[PDB]
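A.B. asks: What follows is a structure written as structure tokens; I'll ask about it next.
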Amino acid sequence: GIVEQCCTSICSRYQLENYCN
Amino acid sequence: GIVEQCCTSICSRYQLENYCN
Amino acid sequence: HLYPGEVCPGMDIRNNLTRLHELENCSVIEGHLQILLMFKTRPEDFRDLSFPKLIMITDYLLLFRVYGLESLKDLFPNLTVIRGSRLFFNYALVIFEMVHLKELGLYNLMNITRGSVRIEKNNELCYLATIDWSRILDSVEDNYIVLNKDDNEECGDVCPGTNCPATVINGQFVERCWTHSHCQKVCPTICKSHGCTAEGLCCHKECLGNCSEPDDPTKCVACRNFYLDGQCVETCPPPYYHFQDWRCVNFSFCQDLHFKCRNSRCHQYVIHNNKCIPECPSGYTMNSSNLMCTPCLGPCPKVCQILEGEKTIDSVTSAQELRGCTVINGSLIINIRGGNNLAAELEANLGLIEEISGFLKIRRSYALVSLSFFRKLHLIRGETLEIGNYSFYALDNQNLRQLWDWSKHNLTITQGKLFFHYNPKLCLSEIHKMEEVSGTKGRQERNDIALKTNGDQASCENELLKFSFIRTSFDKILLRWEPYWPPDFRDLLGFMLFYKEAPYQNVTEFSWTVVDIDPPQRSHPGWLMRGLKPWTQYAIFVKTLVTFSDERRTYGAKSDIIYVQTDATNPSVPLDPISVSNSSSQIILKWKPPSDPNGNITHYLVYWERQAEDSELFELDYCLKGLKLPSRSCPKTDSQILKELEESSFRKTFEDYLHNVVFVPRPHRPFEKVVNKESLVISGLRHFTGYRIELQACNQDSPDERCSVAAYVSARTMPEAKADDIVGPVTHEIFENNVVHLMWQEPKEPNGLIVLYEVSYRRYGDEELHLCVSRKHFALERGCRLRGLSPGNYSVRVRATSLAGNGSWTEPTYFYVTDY
Amino acid sequence: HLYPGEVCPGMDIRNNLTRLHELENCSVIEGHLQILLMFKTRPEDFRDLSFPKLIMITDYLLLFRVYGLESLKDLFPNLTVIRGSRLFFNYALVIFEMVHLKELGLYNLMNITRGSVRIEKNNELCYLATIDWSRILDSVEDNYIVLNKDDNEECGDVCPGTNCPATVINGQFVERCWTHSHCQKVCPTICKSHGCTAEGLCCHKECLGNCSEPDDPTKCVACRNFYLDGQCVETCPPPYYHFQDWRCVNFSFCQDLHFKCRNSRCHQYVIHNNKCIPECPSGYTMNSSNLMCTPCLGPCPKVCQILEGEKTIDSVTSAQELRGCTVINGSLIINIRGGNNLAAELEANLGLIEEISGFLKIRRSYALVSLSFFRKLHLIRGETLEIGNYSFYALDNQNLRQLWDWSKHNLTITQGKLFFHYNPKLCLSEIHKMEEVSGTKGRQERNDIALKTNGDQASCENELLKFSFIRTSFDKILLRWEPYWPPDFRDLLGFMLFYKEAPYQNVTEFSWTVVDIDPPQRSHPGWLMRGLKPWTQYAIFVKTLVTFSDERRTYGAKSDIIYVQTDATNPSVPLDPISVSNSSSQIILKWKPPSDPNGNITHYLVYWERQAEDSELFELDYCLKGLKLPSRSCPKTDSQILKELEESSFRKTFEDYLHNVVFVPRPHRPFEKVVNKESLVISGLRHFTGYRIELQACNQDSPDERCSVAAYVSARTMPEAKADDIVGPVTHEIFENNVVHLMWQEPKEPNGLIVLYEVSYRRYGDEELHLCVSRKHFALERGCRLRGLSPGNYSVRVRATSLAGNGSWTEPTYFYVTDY
Amino acid sequence: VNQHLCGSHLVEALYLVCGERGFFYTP
Amino acid sequence: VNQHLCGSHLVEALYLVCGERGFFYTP
């Protein structure tokens, strides 16, 4: 899910549009 | 030595003459 | 009445209210409703929008960050039932981070069949404590309502009292109201769950929540068991089959659903046991023409292909995905970071699985007390192992006590090693029993099963210490127990004795004052107790202290808890002894039982003795000026203990080294008896007598009194009416030379004693003259003697003064002396 | 004098005294002497046997279970030196289980060069505490004298005092005596180790213990450094080589020993560095003709083939077997079950080894603080690994803090994994540094290095918290520190604040009152302290509380200990205020300093005021009868903390689950001032006058007084002797009708006031008549007036009564009245 | 700006990143 | 009689077993 990608790892800008329309 | 034979294991009669003349 | 309109299978609403308009045409939701992620909204966007048609939600309701919504009393004014067929993390109603909301307003919610309610992170939410959740949820202890405005602040909660019913929640009655204008509707105790009408009458037997007319199935708003053609039926009559546990449908509907799923992208429905279920259980298979699943001619289980072969179970909803499974083609990770026992639902959802193709791991399960919810777990193939080649991983379980009931439960592990760590309430005996039963005895290596962490907080010494001699005394108890010796007797470093007063028999195991007893010399070890409170029951048991051996079993020996009561003794002195006089012959004495009864106080002793009046007062000349007569820690850290372990181990090590090097293997007074009273009335008392009261609290009467010293107090009766009054006519004498000598009878029985007499003689027309007559003066002169009086007729008045005060005057007496 | 007779290489005596007669012909033992296992003996078997020739023992003396021996004063009356070249479990004198012995009797033992003394399990041994071991052993803390008659019982210890010198051991002086007739010989502090003669003169520099003639090398009984031809020398002159570190021998003796070992079954001696040593070190090899070991033309180390390839090191004697080794062809197990630091000798014996072919294991080493004694340890090949394929096993080391000094120490591990467990004072940072330096970073798997056991008792958060705002007040200190947030800010559960009074700056790390502070909301976190004692310095530091993560590094943050002192305030009231009036004009006032100085008491304030006499006493008629004038807390622990951890983790888990499910990735009065005094003398006081004293303890004088209320006490001065005496001649008046009116001047300045006057008139030959004159009587009648006196000559005497007491009579005054 | 996003901060980060188009959910 | 011999009990057991011949020690 999103939490293991962001809260544990380091989130860049690109993938956050994968959670948006 | 004698202690690992007797205090840890179980000592019977026979070997105790190995510690005697 | 019943449900009109569509059925609207569960939907999700996001990012705007444009799609929210599709809830107008249905009254029942056959799914879950989620309103969440609504940022660009204002409070004026919700007042005009309302959904009065909605009645009941099958799965759950979730609200998460919907800006502008202040109360649900407008959105859902007719929501009454949440079945909770499918939960959301073991919760049926979740309201999370719902900013800009002040009150719930769900004033028609009556029953939530399954699940709990979690309300969290609502800084503006009030009217929470004014809701009696016990009338809605079967188990209210499973709720979680924290971080709101009620505990952060003190926002007002104005429940209309002048009407809102009040029910005690912990120890006080508080009114119940959903909003400032809506009281929580409460039904009488006779109406268990069928609901009550406006006037307080139970509805139909198969009704729930609310009804229009009592005792009418067709006038209910929520069928308790099943719905069919506007009527609640206990079971669906043929040819109608139970569907979704809430309604009955015909064969055509189930067949249509099956065909729609088959001819498209699913829940390919079948029929079994007079129900239209998504899939029939193990041992059944659907036929071609009809949809019924006939029993199969072989053992075909319902395998459940777990995605990624590793499924984490942390909630009721996650466990429910394995409902009906018998063989798991993956791995299970049981991880409930909870605090409340979920074993009831977990055994219902799980426990029907027979084999696990992978590994079983239980990690950080705080609330678990046993793994018994795996009712039919037999085989763990372990074709896929945990990192490190493990097939059973138990770690950091704070309350795991028993793994299984080995009397009747069998287990088999094909491959993989074992692992156990930081299970403070799981003992090594259970682990070794599992090793023997499973068949993996010769498969574990060192440190795969820890020794200082498993059971380090549980007493499972599995060896009995038997007391041999116990004797009781006034405040000392002598203890003796049979000696115990481990195979290496130098390992026994002593005993620990735990004692604690036990008012009642049922006491826990593992306060608890500790005393250390040195090991005996090789005479039972024993120990004597000092400083005990008499007549008290104490709990005694002894647990051995032995040196750890890293290789083999640590060791074990302890004694069962025994109860000993010290005997009785003399009680304490009664407290607050006060004596009050209410009459000239009656005094009331009040006291309380002593603070140290030391048994049962059986009676009291009261002793009387009169204080004789001081002879000093009888022999004073009070006529002289100045006649103002009175108007009557824990063991020093760990270092300490450690140091003793280290010293003992060093001594043993030196002994072993010496033995290794040396030996070479060649090749009387008035009284009474009170009976269960704290006060007594006294009679037969002389007026103005100092009475010294000796009061005792005594707990043994016939076999000699065993009771302590007495309390002392003094009392004096009230003054009488005419005790000080002088009786007898006054006699006067006149000699040849005009000497006046008076005679008056004294008050023979006065208030204690008479201090003086006063004679007031006044000649007719003259002034009144006073003379003091003292006790010695009265004794010597036998009354009053006057010297040198002017001729005339005087008036003689006499009064007597006592310890009470001023006495009444005597009648006037007239005498005339000659003028010569 | 020096050593005569044979050399008798160390022997062992067992089972009888038949072979014990071989010690008669030698004075020095070049080895170890053991007297042990002697059961069939009686106390009469030792009196006739004595060995006065024995002087010193090179290695050690061991006595173990010799029956019948009651004192060694007969067996060894001349033993004075135990060199301790080879010890017995880091002990040079062992007396174990020596039944039937009462006293040592070794009254000539002066110096034990190397080792310690262990005396244990002697139920009858006395005269132990009467020995000053500090004069014999360089390090007395390494001794072990327990389980004897001195502590089990109270056996008498009669040291002859009338001669035995006394020296303080802890805080008191006690006489020193070996037996009831032998005092421990003590040398003056000038004689460090060379010993003293009978009269107390230092012996020769090369002397030790005892000597016959001071400053004479050839008249000594124990050479301190070396022995040669009856003379002690700094070093052996050529061609004599040092042998066995105690004597010098010629080339012939060393060659003979080498040949005897070569041509028989061993210590094949060689010669190196002007010494005859058993084997020359690495890089040298003995030649054919001569015995000298010349340097080798290559790197040839001294390999030490360890039997069974696994050697346990638990004592100095076990480590000494590796002396001079450089490459170990086996495995080492370091296991010192001690309590005393052996690093000093362990670094001398070990530390010269370069490579270890096997594994290195440190297990249950309580006393070890560092592994730095491996001075030149570089390579651990690990060709033979510990069970579980390990090459470095550290387990249950109670005080291991640092592994090596990584700034200058290199290490290399070829094969094998790592292991670390239950090292409470070894932190994960050191372990990871060792991983990086060694080169085994990608070789360990999970649980090989624990996280909850390594460093769990040491503060190594390796992150600094900085205070930003501290302000001090009367009893409140306001603290502020910069906020800290871990990567997952929900992990931060709050802060713990540790404060404690610190009288001096040097305070330890890790009393210590704890207060829990909630994390801030996302304004510095901060905290305010309540209930502080004014003028006190406190030690303050903050250490964070964060949730454990099992996978990666836990977390770390703490603040260095800071020191803040609260300011001063008003001090307390002085205690024990007592005033004594020694003289009629002098009063001494004594008091104690206040119990709460709240700073430095700088001065005192004393206030004076006179108490005016009561006007009631001036207006009383004391001549009336009745004239008796006065003659002036531990946290609920588990059942608490855990619960909070579990609740926080449950909240975080629900948040994570919700985020996972929701988001989808689409593809004025007199006074004075005292200066540092606790007493004051006061003069200028009216005689017999009561004063009210107002005393203050005040700590601020010039910048306004800041000091509390005053203590009140009353002091009355002594009365003068002649203050009550009546002054002035007595004047009498006789009227026509014989009326006597007396006139005497009153004592105008009396002791306070005069209550009455007495006139005593006696006619010549008659009796003395008394009359009382009161204050009002004197004011009205201007003295004494008498009515109706019989004619004659009377004598008038007058006295005045004051509050102090009775005044003296006046001179007689004679008056005569007419008889008509 | 690259850092760890957890808790409500993750929701805020997504809301700044997108929200003119709206979040996505499977049909 | 077969059991664990430790401490002084070992010495007593050896003395009971032998001691008329005496203990052994290498020359």
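Within each chain, counting starts at residue 1; across the structure tokens, chains are named A, B, ... in the order shown, with ligands numbered 1 upward in that order.
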Residues near residue F:19, anyone? I mean within 12 Å using only C-alpha atoms, not counting same-chain ones fewer than 6 positions away, as a PyMOL selection string.
C.D. replies: (chain B and resi 16-17+19-21) or (chain D and resi 14-16+37-40) or (chain F and resi 11-13)
A.B. asks: Emit the selected residues as a compact mmCIF listing (two decimals), in the first residue's frame, including C-alpha atoms.
C.D. replies:
```txt
# COMPACT_ATOMS: atom_id res chain seq x y z
CA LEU B 16 36.43 -44.09 40.26
CA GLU B 17 39.27 -46.61 40.57
CA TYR B 19 41.50 -41.96 40.10
CA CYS B 20 43.04 -44.34 42.66
CA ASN B 21 46.37 -46.15 42.84
CA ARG D 14 49.83 -37.32 48.93
CA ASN D 15 48.13 -39.89 51.15
CA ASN D 16 50.84 -40.04 53.85
CA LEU D 37 44.75 -35.30 50.54
CA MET D 38 45.94 -36.41 53.98
CA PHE D 39 43.06 -38.22 55.71
CA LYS D 40 44.66 -40.88 57.94
CA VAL F 11 35.83 -35.92 47.84
CA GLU F 12 33.88 -38.01 50.34
CA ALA F 13 32.78 -40.44 47.62
```
A.B. asks: Do me a favour and pick out the residues of chain F within 7 Å of chain B, using only C-alpha atoms, as a PyMOL selection string.
C.D. replies: chain F and resi 2-6+14+18+21-24
A.B. asks: Have a look at atom CA of residue C:25 and atom CA of residue C:7 and let me know their distance in Å, one decimal.
C.D. replies: 8.5 Å
A.B. asks: Once chain F is superposed on chain E with a least-squares fit on all C-alpha pairs taken in order, can you show it as a tab-separated table (two decimals) with N, CA and C atoms, in the first residue's frame?
C.D. replies:
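Writing the result to result32.tsv gives the following:
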```tsv
chain	number	residue	atom	x	y	z
F	1	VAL	N	11.34	18.74	-2.27
F	1	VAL	CA	11.09	18.29	-0.91
F	1	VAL	C	10.85	16.78	-0.89
F	2	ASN	N	11.79	16.05	-0.29
F	2	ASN	CA	11.69	14.60	-0.17
F	2	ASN	C	11.96	14.21	1.27
F	3	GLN	N	10.98	13.57	1.90
F	3	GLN	CA	11.09	13.16	3.30
F	3	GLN	C	10.05	12.08	3.56
F	4	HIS	N	9.98	11.64	4.82
F	4	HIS	CA	9.02	10.62	5.21
F	4	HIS	C	7.66	11.25	5.46
F	5	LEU	N	6.62	10.68	4.85
F	5	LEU	CA	5.25	11.13	5.03
F	5	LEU	C	4.50	10.06	5.81
F	6	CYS	N	3.99	10.43	6.98
F	6	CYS	CA	3.28	9.51	7.85
F	6	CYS	C	2.10	10.22	8.50
F	7	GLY	N	1.06	9.47	8.82
F	7	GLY	CA	-0.08	10.05	9.52
F	7	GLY	C	-0.79	11.08	8.67
F	8	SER	N	-1.29	12.13	9.33
F	8	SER	CA	-2.04	13.16	8.63
F	8	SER	C	-1.16	13.91	7.63
F	9	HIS	N	0.15	13.96	7.89
F	9	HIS	CA	1.05	14.63	6.96
F	9	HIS	C	1.00	13.99	5.58
F	10	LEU	N	0.79	12.68	5.52
F	10	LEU	CA	0.61	12.02	4.23
F	10	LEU	C	-0.63	12.54	3.52
F	11	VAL	N	-1.73	12.70	4.25
F	11	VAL	CA	-2.95	13.21	3.64
F	11	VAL	C	-2.73	14.63	3.12
F	12	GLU	N	-2.05	15.46	3.92
F	12	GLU	CA	-1.78	16.83	3.49
F	12	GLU	C	-0.89	16.85	2.25
F	13	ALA	N	0.13	15.98	2.21
F	13	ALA	CA	1.01	15.93	1.05
F	13	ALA	C	0.26	15.51	-0.21
F	14	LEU	N	-0.60	14.49	-0.10
F	14	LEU	CA	-1.40	14.09	-1.25
F	14	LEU	C	-2.36	15.19	-1.68
F	15	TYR	N	-2.96	15.90	-0.73
F	15	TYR	CA	-3.86	16.99	-1.10
F	15	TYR	C	-3.11	18.12	-1.79
F	16	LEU	N	-1.88	18.40	-1.36
F	16	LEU	CA	-1.08	19.42	-2.03
F	16	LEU	C	-0.67	18.96	-3.42
F	17	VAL	N	-0.31	17.69	-3.57
F	17	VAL	CA	0.11	17.17	-4.87
F	17	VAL	C	-1.06	17.17	-5.85
F	18	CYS	N	-2.22	16.70	-5.40
F	18	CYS	CA	-3.38	16.60	-6.27
F	18	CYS	C	-4.63	16.85	-5.44
F	19	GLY	N	-5.75	17.06	-6.14
F	19	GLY	CA	-6.99	17.42	-5.49
F	19	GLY	C	-7.80	18.34	-6.37
F	20	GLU	N	-7.13	19.00	-7.32
F	20	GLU	CA	-7.85	19.65	-8.41
F	20	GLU	C	-8.41	18.62	-9.38
F	21	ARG	N	-7.77	17.46	-9.46
F	21	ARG	CA	-8.28	16.33	-10.23
F	21	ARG	C	-9.02	15.31	-9.38
F	22	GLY	N	-8.67	15.20	-8.10
F	22	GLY	CA	-9.33	14.29	-7.19
F	22	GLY	C	-8.59	12.98	-7.04
F	23	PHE	N	-8.80	12.34	-5.89
F	23	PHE	CA	-8.20	11.04	-5.64
F	23	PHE	C	-8.85	9.98	-6.52
F	24	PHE	N	-8.19	8.83	-6.62
F	24	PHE	CA	-8.65	7.73	-7.46
F	24	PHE	C	-9.19	6.60	-6.59
F	25	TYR	N	-10.22	5.92	-7.09
F	25	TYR	CA	-10.74	4.72	-6.47
F	25	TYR	C	-11.28	3.81	-7.56
F	26	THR	N	-11.07	2.51	-7.40
F	26	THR	CA	-11.47	1.56	-8.42
F	26	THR	C	-12.99	1.55	-8.56
F	27	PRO	N	-13.52	1.46	-9.79
F	27	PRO	CA	-14.97	1.44	-10.04
F	27	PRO	C	-15.64	0.19	-9.46
```
A.B. asks: By how many Å are atom CA of residue C:625 and atom CA of residue C:757 apart?
C.D. replies: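 Going from atom CA of residue C:625 over to atom CA of residue C:757 covers 14.8 Å.
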A.B. asks: Dump as a PyMOL selection string the residues of chain D that approach chain C to within 10 Å, counting only C-alpha atoms.
C.D. replies: chain D and resi 34+36-37+64+88-89+96+120+144+314-315+336-339+364-367+387-388+398+445-448+624-627+633-634+642-643+646-655+657-658+661-662
